[PDB]
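*Asks:* Here it is, the structure in full.
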Amino acid sequence: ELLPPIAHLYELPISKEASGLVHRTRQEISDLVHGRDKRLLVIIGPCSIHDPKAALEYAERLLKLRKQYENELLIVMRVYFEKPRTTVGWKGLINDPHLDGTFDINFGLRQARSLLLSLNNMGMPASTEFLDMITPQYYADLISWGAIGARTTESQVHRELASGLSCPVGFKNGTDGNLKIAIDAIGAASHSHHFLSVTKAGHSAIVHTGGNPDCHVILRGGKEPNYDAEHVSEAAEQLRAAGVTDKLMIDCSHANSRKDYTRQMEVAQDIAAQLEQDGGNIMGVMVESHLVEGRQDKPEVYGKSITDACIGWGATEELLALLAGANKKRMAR
Amino acid sequence: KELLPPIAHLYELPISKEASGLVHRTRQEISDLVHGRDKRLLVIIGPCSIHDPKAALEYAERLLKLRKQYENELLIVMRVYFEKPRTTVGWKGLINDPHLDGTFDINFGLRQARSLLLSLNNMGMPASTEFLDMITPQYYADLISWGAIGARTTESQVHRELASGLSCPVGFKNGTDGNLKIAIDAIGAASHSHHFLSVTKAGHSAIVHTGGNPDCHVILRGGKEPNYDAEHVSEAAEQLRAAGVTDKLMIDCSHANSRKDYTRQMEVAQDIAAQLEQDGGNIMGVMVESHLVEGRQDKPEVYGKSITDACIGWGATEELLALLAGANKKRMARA
Amino acid sequence: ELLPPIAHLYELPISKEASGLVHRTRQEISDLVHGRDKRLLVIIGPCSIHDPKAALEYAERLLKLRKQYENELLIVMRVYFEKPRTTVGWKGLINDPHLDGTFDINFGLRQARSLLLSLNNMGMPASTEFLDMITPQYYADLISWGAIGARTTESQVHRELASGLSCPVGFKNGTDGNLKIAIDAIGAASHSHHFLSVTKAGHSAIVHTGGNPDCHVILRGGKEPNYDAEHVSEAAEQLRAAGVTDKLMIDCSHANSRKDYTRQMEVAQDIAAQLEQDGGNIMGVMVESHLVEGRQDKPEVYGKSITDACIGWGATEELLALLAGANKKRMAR
Amino acid sequence: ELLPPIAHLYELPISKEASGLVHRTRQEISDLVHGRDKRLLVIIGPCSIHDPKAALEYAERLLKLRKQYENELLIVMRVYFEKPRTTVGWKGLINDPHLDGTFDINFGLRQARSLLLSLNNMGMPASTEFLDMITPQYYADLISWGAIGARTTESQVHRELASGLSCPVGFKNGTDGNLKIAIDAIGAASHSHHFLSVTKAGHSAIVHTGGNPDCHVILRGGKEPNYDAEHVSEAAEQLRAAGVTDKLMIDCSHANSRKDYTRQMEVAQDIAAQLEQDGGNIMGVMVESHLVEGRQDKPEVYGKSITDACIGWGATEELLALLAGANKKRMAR
Ligand SMILES: C[C@@H](OP(=O)(O)O)C(=O)O
Ligand SMILES: C[C@@H](OP(=O)(O)O)C(=O)O
Ligand SMILES: C[C@@H](OP(=O)(O)O)C(=O)O
Ligand SMILES: C[C@@H](OP(=O)(O)O)C(=O)O
Ligand SMILES: [Mn+2]
Ligand SMILES: [Mn+2]
Ligand SMILES: [Mn+2]
Ligand SMILES: [Mn+2]
């Protein structure tokens with residue numbers, strides 16, 4: 001039997017501090033999307049959250065770097081609770097929190113909210129993919145940035161969802177490399193929509209959104225990678241032709257690394273060189289990072305991904321130092 | 001704004017014994033085609049979108065006569081699409097904006113969609129639609145004999161979840177650039193059990209556990225290039241078999257297979273007819289965008305003329321159906 | 001499965017005319033409760049509604065008398081949908097509309113609302129006993145006056161309900177004759193309350209009422225009748241002592257007639273004589289009247305009560321003429 | 001915004017032990033109602049719960065006596081959360097838990113449920129008056145016996161409620177002494193009913209109850225006390241005439257003590273003498289008892305009532321010893 005959002009909000013109401021951090025980070029990201037600030041948004045952290053203890057530890061380490069590089073980078077943790085699978089498989093902490101096929105969704109929603117509240121309380125803003133239609137009412141108040149995934153960017157129900165979110169949103173190119181669907185999606189999500197959604201009390205209702213003015217695209221590769229200067233330039237052209245923001249984000253992982261976590265640093269190096277040359281159209285980067293590198297089928301090892309493989313903490317330190325130094329030069333130019 | 005729950009609509013428009021029987025029977029018949037147990041050709045045919053119930057009922061009456069006439073060769077089911085996925089923005093269909101004026105009277109739209117579907121089934125004409133929205137199906141799905149998941153949503157996990165709990169057979173379209181694998185993947189996904197959030201007949205969110213949908217198949221609807229010919233059908237059947245799913249598929253004559261030109265649908269149908277006459281063992285169905293009047297219009301001025309994708313008119317519809325019936329009659333007679 | 005009030009409001013929205021009639025009649029009745037007009041409120045009609053056809057016919061006849069006597073009497077029809085039984089039995093049209101133990105409550109609510117909308121549209125305002133806690137959301141917008149019954153006047157949940165109704169409300173003395181519980185009830189219902197109630201969407205909620213300033217008592221007999229001058233005078237004294245309105249209503253039926261419908265006219269005569277001597281504390285009277293007199297266990301005869309016995313239409317004409325003539329004299333003096 | 005029962009059941013699910021205690025105690029009480037066991041049910045404790053700490057302390061003391069007298073008495077604590085007032089006033093812990101007019105009903109429901117869970121977990125079954133229509137879904141699973149108050153026994157909505165409760169229920173005579181309304185109420189509540197109620201998910205619904213076969217009357221005084229042998233005998237006769245159980249309960253407080261807490265022991269003495277002569281029609285007694293005697297308008301003193309005045313702990317020990325000794329003799333016959 002499904003508890004409504006108000007039951008979770010009652011137990012875990014947003015704090016003054018978390019509320020402030022969310023508000024501020026959304027504004028800061030909006031400034032990047034619209035070219036008002038030349039800091040680099042960095043969406044970085046696990047492919048998926050499957051353990052809160054490891055997540056909190058990761059966050060504590062990330063926070064020290066968030067502060068250290070705050071003049072160059074705007075660091076925000078990946079806190080992904082919903083995973084789109086190719087066919088079937090574990091869909092994330094919300095859907096199956098005990099990792100055993102019990103689908104204890106009430107527990108999963110409580111735990112997702114609790115983790116997000118602790119993260120924001122310690123000073124670390126959070127990001128997630130918004131995949132499911134009804135779950136956002138449980139946690140979206142704690143989210144500073146949202147993704148719509150490659151598999152759902154062309155979906156009208158996701159563009160509707162995005163049009164009503166209060167955080168900035170990045171739309172990914174399609175899994176085969178189609179960018180136009182993401183440009184289209186900004187067009188769609190920036191407008192007003194009417195559609196059915198569920199209230200905080202757990203009731204279906206008609207909602208009328210105002211449109212989301214803070215949307216941008218994400219280059220995450222296709223049949224070929226799309227992270228280099230030539231692809232970025234092509235994309236900026238099309239963005240301008242559609243009359244939407246020509247500031248974009250580049251995912252170092254997924255199809256840009258060819259699913260090989262060791263190649264994320266390669267992509268980051270290319271981005272660093274672009275930032276040093278010019279890189280005027282880059283407002284952000286995405287990175288799949290955990291305490292420990294690689295991946296595992298069963299959750300045996302602490303801080304090691306059970307979905308896409310990630311770089312470990314050591315490489316994370318290097319990647320962030322690399323991007324901070326490069327962007328410091330861009331910002332000084 | 002104040003959304004009525006499905007039970008309010010079910011109270012005013014409860015399913016009849018006859019409509020319930022027609023739906024049950026047609027779903028079974030279509031399942032038999034999906035699994036190669038019958039060699040009749042499923043034909044999903046009708047308007048791109050429903051925007052007028054009067055014209056829809058008139059179209060249905062004409063179609064019914066041909067449904068009966070060709071019932072040994074073709075299993076004809078009307079396109080009764082209430083939900084339209086747009087490229088960017090635009091009219092999303094009768095449910096979202098029934099008065100066609102930007103008033104978004106969704107309660108009226110749901111009532112009217114249900115009423116039309118009940119009348120169609122009561123006159124003997126089964127209905128099909130694209131299932132796009134997550135919450136609307138509880139209002140009408142009991143009256144639907146076949147569902148589409150669109151090219152733009154086939155790769156979407158929430159649509160595969162939805163499909164996994166529907167009681168009707170479901171066709172998954174290849175992606176707008178031509179990717180077939182996402183539709184094969186989608187059958188894999190939708191045929192399994194899922195747990196997810198959905199809304200009850202009382203209008204309350206709830207956890208649902210579906211049993212998986214065993215009646216799913218792919219639809220070839222074109223990409224950067226058309227994919228309707230024998231070479232593409234054969235390639236697709238191979239992949240289907242490699243994934244261990246049904247290698248019987250449907251071919252859309254419209255959208256990217258006609259290159260968005262309604263006058264080319266007949267071309268595609270002719271190619272399918274020739275395939276059915278040579279062999280065509282992997283074809284179980286075809287889709288066609290048809291209305292009383294051909295073409296399209298921005299405003300709903302002309303009666304029975306599409307306000308979304310352009311359609312063939314009634315005359316060409318008669319020819320197209322006769323062409324497919326004759327061709328499939330030969331297939332069904334062949335040893 | 002229970003439809004929420006919004007489903008019924010969607011099918012049967014209140015009209016401009018019915019809205020106006022309700023608003024006006026509530027104001028008019030308030031004027032009587034607070035001694036600003038000396039017309040006599042007359043709550044008259046069947047013990048219970050069991051047939052809408054007969055109800056509409058009765059209403060059409062009553063309307064003619066409502067117009068005729070409008071300078072002396074303010075006539076409002078008894079349209080009672082909810083009946084409190086001594087032990088068990090038929091609870092009214094809402095609970096069991098088909099009169100067969102099928103309890104088709106959705107149909108009953110729809111039919112109760114439809115009838116009330118037609119009555120108001122033809123110019124006849126309606127009254128009912130408010131017995132059930134959740135049903136009022138379905139029809140209260142069409143009610144000009146409400147009763148809380150003898151069996152429920154001492155009940156805190158009914159006093160809460162009354163405190164939030166937008167129509168004037170009469171509280172009946174207890175079945176053994178206790179008047180204090182009704183005086184207490186005005187005290188209670190005139191104040192603000194917080195309690196649980198159900199919304200128009202069918203969801204439980206906390207409500208905060210403002211108190212009902214239009215409440216008054218009804219004398220309906222006990223072990224003995226309480227309709228005479230001596231009892232009216234005693235009651236007015238106690239009313240003043242409790243600092244509440246000393247204008248009251250007298251029921252000609254139930255324990256004041258000793259459950260004998262032929263004695264209602266006796267009571268009405270006594271009231272008429274009071275109105276002619278003085279009768280300053282009387283603002284209303286209640287009468288159980290139908291097309292045909294008496295009662296019946298099965299609904300075999302048209303327009304004949306299946307609950308308490310009623311006077312027939314001929315005696316109804318006489319009773320109303322008697323009260324109109326008596327009050328015309330009161331008003332002139 | 002009102003949380004639904006499932007939110008509270010999620011945080012405070014019933015335990016194996018509490019569930020067992022509730023189940024056993026209901027059965028044991030049923031056996032007393034139907035004359036299958038001659039132990040005396042004793043409903044004893046505060047007029048109202050306003051403090052959980054004091055309530056838990058009281059319960060710990062009462063538990064020791066519950067064990068000590070378990071062969072003679074079946075002791076169950078008064079854990080009343082809902083109070084019917086004469087006009088206006090504090091309605092109990094649920095309605096206004098902070099005792100300040102803030103009406104924090106969500107907090108009140110949570111706290112009521114938490115207290116009941118702790119009481120049952122320590123071995124002490126609980127009783128309450130069921131006054132409100134929607135609150136029972138939050139706690140009734142933890143209640144071993146329920147009262148319908150003197151002010152609501154004649155109310156059809158309370159008789160409906162009772163008909164669907166899973167615990168035995170006592171109906172009180174009316175505030176002026178009318179017993180027939182309580183006999184009528186057993187008749188009503190023992191039958192099946194259809195009516196509107198709210199589900200564990202907080203939605204209104206139609207419910208079909210099976211009737212409550214475990215109902216009985218409670219003599220709690222009227223204009224005069226009704227606790228003596230004469231009154232008990234008169235009541236048993238009427239009970240038998242109505243074909244319902246002629247085993248009844250006697251309230252030592254309220255109108256039987258003439259609202260004087262010191263007189264409760266007097267009433268208990270009379271009952272003891274009855275149990276020693278014969279007393280075959282007595283199955284229970286009710287007593288208003290707290291840690292400290294008397295009452296207070298403000299909650300200044302610990303363990304002292306803020307509603308009706310109670311006897312203190314010392315007199316409680318004497319009263320219970322008196323009833324145990326008397327009933328031990330009855331049981332031995
Ligand atoms: C879901 C995946 O992103 P994408 O949509 O680019 O495949 C991820 O970030 O883990
Ligand atoms: C929505 C469209 O289908 P497709 O998903 O192939 O674009 C249609 O049937 O009008
Ligand atoms: C229920 C009855 O009134 P009372 O509450 O005085 O018995 C009636 O009006 O039919
Ligand atoms: C409410 C009161 O009992 P009664 O209903 O007899 O007044 C009590 O037990 O506190
Ligand atoms: Mn990933
Ligand atoms: Mn189309
Ligand atoms: Mn009556
Ligand atoms: Mn008390």
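To be explicit about the labels: the chains of the structure tokens are called A, B, and onward in the order shown, and within each one the residues are counted from 1, while ligands get numbers from 1 in the order they are shown.
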Around ligand 3, at most 9 Å away and counting only C-alpha atoms and all ligand atoms, which residues are there? Put them as a PDB file with N, CA and C atoms, in the first residue's frame, please.
*Replies:*
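For reference, pocket-v7.pdb as written:
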```pdb
ATOM      1  N   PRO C  46     -43.138  15.686   3.473  1.00  0.00           N
ATOM      2  CA  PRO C  46     -43.083  14.309   3.909  1.00  0.00           C
ATOM      3  C   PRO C  46     -42.139  14.042   5.053  1.00  0.00           C
ATOM      4  N   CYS C  47     -42.466  13.016   5.838  1.00  0.00           N
ATOM      5  CA  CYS C  47     -41.494  12.535   6.846  1.00  0.00           C
ATOM      6  C   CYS C  47     -40.175  12.177   6.160  1.00  0.00           C
ATOM      7  N   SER C  48     -40.295  11.454   5.054  1.00  0.00           N
ATOM      8  CA  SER C  48     -39.154  11.044   4.248  1.00  0.00           C
ATOM      9  C   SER C  48     -39.507  11.048   2.773  1.00  0.00           C
ATOM     10  N   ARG C  78     -39.952  19.986   3.415  1.00  0.00           N
ATOM     11  CA  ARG C  78     -39.200  18.877   4.009  1.00  0.00           C
ATOM     12  C   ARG C  78     -38.774  17.937   2.901  1.00  0.00           C
ATOM     13  N   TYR C  80     -36.300  15.201   3.288  1.00  0.00           N
ATOM     14  CA  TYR C  80     -35.465  14.416   4.190  1.00  0.00           C
ATOM     15  C   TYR C  80     -34.963  13.135   3.526  1.00  0.00           C
ATOM     16  N   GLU C  82     -32.373  11.227   5.042  1.00  0.00           N
ATOM     17  CA  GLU C  82     -31.677  10.433   6.054  1.00  0.00           C
ATOM     18  C   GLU C  82     -32.568  10.300   7.276  1.00  0.00           C
ATOM     19  N   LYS C  83     -32.887   9.060   7.634  1.00  0.00           N
ATOM     20  CA  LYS C  83     -33.790   8.793   8.736  1.00  0.00           C
ATOM     21  C   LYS C  83     -33.103   8.025   9.874  1.00  0.00           C
ATOM     22  N   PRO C  84     -33.188   8.562  11.094  1.00  0.00           N
ATOM     23  CA  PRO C  84     -32.640   7.850  12.231  1.00  0.00           C
ATOM     24  C   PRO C  84     -33.700   6.907  12.745  1.00  0.00           C
ATOM     25  N   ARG C  85     -33.388   5.622  12.795  1.00  0.00           N
ATOM     26  CA  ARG C  85     -34.322   4.632  13.304  1.00  0.00           C
ATOM     27  C   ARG C  85     -34.129   4.373  14.791  1.00  0.00           C
ATOM     28  N   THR C 128     -33.640  19.510   5.201  1.00  0.00           N
ATOM     29  CA  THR C 128     -33.383  18.113   5.501  1.00  0.00           C
ATOM     30  C   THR C 128     -32.794  17.972   6.905  1.00  0.00           C
ATOM     31  N   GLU C 129     -32.896  16.776   7.484  1.00  0.00           N
ATOM     32  CA  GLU C 129     -32.104  16.444   8.675  1.00  0.00           C
ATOM     33  C   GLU C 129     -30.693  16.032   8.228  1.00  0.00           C
ATOM     34  N   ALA C 147     -31.995  20.380   9.990  1.00  0.00           N
ATOM     35  CA  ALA C 147     -32.329  19.935  11.314  1.00  0.00           C
ATOM     36  C   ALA C 147     -31.219  19.028  11.838  1.00  0.00           C
ATOM     37  N   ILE C 148     -30.944  19.138  13.126  1.00  0.00           N
ATOM     38  CA  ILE C 148     -30.262  18.070  13.846  1.00  0.00           C
ATOM     39  C   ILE C 148     -31.320  17.394  14.727  1.00  0.00           C
ATOM     40  N   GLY C 149     -31.496  16.096  14.546  1.00  0.00           N
ATOM     41  CA  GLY C 149     -32.608  15.391  15.171  1.00  0.00           C
ATOM     42  C   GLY C 149     -32.532  15.276  16.687  1.00  0.00           C
ATOM     43  N   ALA C 150     -33.670  14.935  17.273  1.00  0.00           N
ATOM     44  CA  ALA C 150     -33.762  14.714  18.710  1.00  0.00           C
ATOM     45  C   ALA C 150     -32.738  13.706  19.211  1.00  0.00           C
ATOM     46  N   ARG C 151     -32.424  12.717  18.386  1.00  0.00           N
ATOM     47  CA  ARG C 151     -31.538  11.614  18.788  1.00  0.00           C
ATOM     48  C   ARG C 151     -30.046  11.933  18.692  1.00  0.00           C
ATOM     49  N   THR C 152     -29.726  13.055  18.060  1.00  0.00           N
ATOM     50  CA  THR C 152     -28.354  13.452  17.762  1.00  0.00           C
ATOM     51  C   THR C 152     -27.978  14.893  18.231  1.00  0.00           C
ATOM     52  N   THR C 153     -28.927  15.636  18.793  1.00  0.00           N
ATOM     53  CA  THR C 153     -28.656  17.008  19.218  1.00  0.00           C
ATOM     54  C   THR C 153     -27.576  17.092  20.316  1.00  0.00           C
ATOM     55  N   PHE C 171     -31.984  22.705  16.258  1.00  0.00           N
ATOM     56  CA  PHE C 171     -31.659  21.584  17.113  1.00  0.00           C
ATOM     57  C   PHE C 171     -32.890  21.195  17.882  1.00  0.00           C
ATOM     58  N   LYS C 172     -33.259  19.929  17.807  1.00  0.00           N
ATOM     59  CA  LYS C 172     -34.418  19.425  18.510  1.00  0.00           C
ATOM     60  C   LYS C 172     -34.116  19.009  19.932  1.00  0.00           C
ATOM     61  N   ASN C 173     -35.084  19.223  20.818  1.00  0.00           N
ATOM     62  CA  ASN C 173     -35.026  18.684  22.171  1.00  0.00           C
ATOM     63  C   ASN C 173     -34.934  17.150  22.088  1.00  0.00           C
ATOM     64  N   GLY C 174     -34.434  16.532  23.159  1.00  0.00           N
ATOM     65  CA  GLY C 174     -34.230  15.083  23.193  1.00  0.00           C
ATOM     66  C   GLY C 174     -35.528  14.305  23.251  1.00  0.00           C
ATOM     67  N   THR C 175     -35.458  13.026  22.915  1.00  0.00           N
ATOM     68  CA  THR C 175     -36.683  12.232  22.746  1.00  0.00           C
ATOM     69  C   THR C 175     -37.503  12.100  24.013  1.00  0.00           C
ATOM     70  N   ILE C 218     -35.819  23.617  18.496  1.00  0.00           N
ATOM     71  CA  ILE C 218     -37.112  23.124  18.046  1.00  0.00           C
ATOM     72  C   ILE C 218     -37.760  22.326  19.157  1.00  0.00           C
ATOM     73  N   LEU C 219     -38.984  22.675  19.499  1.00  0.00           N
ATOM     74  CA  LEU C 219     -39.779  21.917  20.462  1.00  0.00           C
ATOM     75  C   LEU C 219     -40.561  20.869  19.718  1.00  0.00           C
ATOM     76  N   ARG C 220     -40.270  19.609  19.993  1.00  0.00           N
ATOM     77  CA  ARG C 220     -40.882  18.478  19.273  1.00  0.00           C
ATOM     78  C   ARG C 220     -41.466  17.439  20.211  1.00  0.00           C
ATOM     79  N   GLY C 221     -41.689  17.847  21.463  1.00  0.00           N
ATOM     80  CA  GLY C 221     -42.246  16.968  22.465  1.00  0.00           C
ATOM     81  C   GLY C 221     -41.273  15.991  23.091  1.00  0.00           C
ATOM     82  N   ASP C 251     -42.495  21.883  16.451  1.00  0.00           N
ATOM     83  CA  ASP C 251     -42.870  20.774  15.596  1.00  0.00           C
ATOM     84  C   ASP C 251     -44.286  20.342  15.965  1.00  0.00           C
ATOM     85  N   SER C 253     -45.638  17.643  14.751  1.00  0.00           N
ATOM     86  CA  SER C 253     -45.664  16.197  14.651  1.00  0.00           C
ATOM     87  C   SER C 253     -44.830  15.507  15.759  1.00  0.00           C
ATOM     88  N   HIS C 254     -44.449  14.254  15.491  1.00  0.00           N
ATOM     89  CA  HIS C 254     -43.653  13.423  16.421  1.00  0.00           C
ATOM     90  C   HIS C 254     -44.256  13.410  17.820  1.00  0.00           C
ATOM     91  N   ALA C 255     -43.509  13.781  18.855  1.00  0.00           N
ATOM     92  CA  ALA C 255     -44.028  13.617  20.210  1.00  0.00           C
ATOM     93  C   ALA C 255     -45.022  14.702  20.588  1.00  0.00           C
ATOM     94  N   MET C 286     -43.078  23.180  12.225  1.00  0.00           N
ATOM     95  CA  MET C 286     -42.737  22.040  11.392  1.00  0.00           C
ATOM     96  C   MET C 286     -43.984  21.179  11.280  1.00  0.00           C
ATOM     97  N   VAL C 287     -44.200  20.598  10.100  1.00  0.00           N
ATOM     98  CA  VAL C 287     -45.408  19.820   9.803  1.00  0.00           C
ATOM     99  C   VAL C 287     -45.101  18.653   8.862  1.00  0.00           C
ATOM    100  N   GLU C 288     -45.601  17.466   9.197  1.00  0.00           N
ATOM    101  CA  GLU C 288     -45.429  16.270   8.365  1.00  0.00           C
ATOM    102  C   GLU C 288     -46.662  16.060   7.489  1.00  0.00           C
ATOM    103  N   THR C 307     -42.626   6.171   6.239  1.00  0.00           N
ATOM    104  CA  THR C 307     -42.089   6.360   7.588  1.00  0.00           C
ATOM    105  C   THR C 307     -43.200   6.916   8.492  1.00  0.00           C
ATOM    106  N   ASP C 308     -42.993   8.041   9.197  1.00  0.00           N
ATOM    107  CA  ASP C 308     -44.069   8.545  10.069  1.00  0.00           C
ATOM    108  C   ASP C 308     -45.296   8.889   9.257  1.00  0.00           C
TER     109      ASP C 308
END
```
*Asks:* Looking only at the backbone, which of the residues in region 27-165 of chain A does DSSP tag as strand (DSSP E), as a PyMOL selection string?
*Replies:* chain A and resi 40-45+73-78+126-129+145-148
*Asks:* Pick from A:93, A:201, A:273, A:320: nearest to chain D, with only C-alpha atoms counted?
*Replies:*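 Counting only C-alpha atoms, the residue closest to chain D is A:201.
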*Asks:* Residues of chain B that approach chain C to 10 Å or less, counting only C-alpha atoms: could you list each one with the shortest pair of atoms and its distance in Å to one decimal, rows by chain and increasing residue number, as a Markdown table?
*Replies:*
```
| residue | atom | partner | partner_atom | distance |
| --- | --- | --- | --- | --- |
| B:2 | CA | C:6 | CA | 7.9 |
| B:3 | CA | C:6 | CA | 8.7 |
| B:4 | CA | C:7 | CA | 6.3 |
| B:5 | CA | C:7 | CA | 8.2 |
| B:6 | CA | C:3 | CA | 9.7 |
| B:7 | CA | C:3 | CA | 6.8 |
| B:8 | CA | C:7 | CA | 5.7 |
| B:9 | CA | C:7 | CA | 8.6 |
| B:11 | CA | C:3 | CA | 8.6 |
| B:12 | CA | C:11 | CA | 9.7 |
| B:107 | CA | C:10 | CA | 9.3 |
| B:201 | CA | C:1 | CA | 9.5 |
| B:202 | CA | C:1 | CA | 8.2 |
| B:203 | CA | C:201 | CA | 9.7 |
```
*Asks:* In region 268-307 of chain C, what's helix (DSSP H, G or I) per DSSP? Answer as a list in words?
*Replies:*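 Answer for region 268-307 of chain C restricted to helix (DSSP H, G or I) is residues 268, 269, 270, 271, 272, 273, 274, 275, 276 and 277 of chain C.
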*Asks:* Counting only C-alpha atoms and all ligand atoms, what residues are within 7 Å of ligand 2, given as number ranges by chain?
*Replies:* B: 48-49, 84-85, 150-152, 173, 221, 255, 309
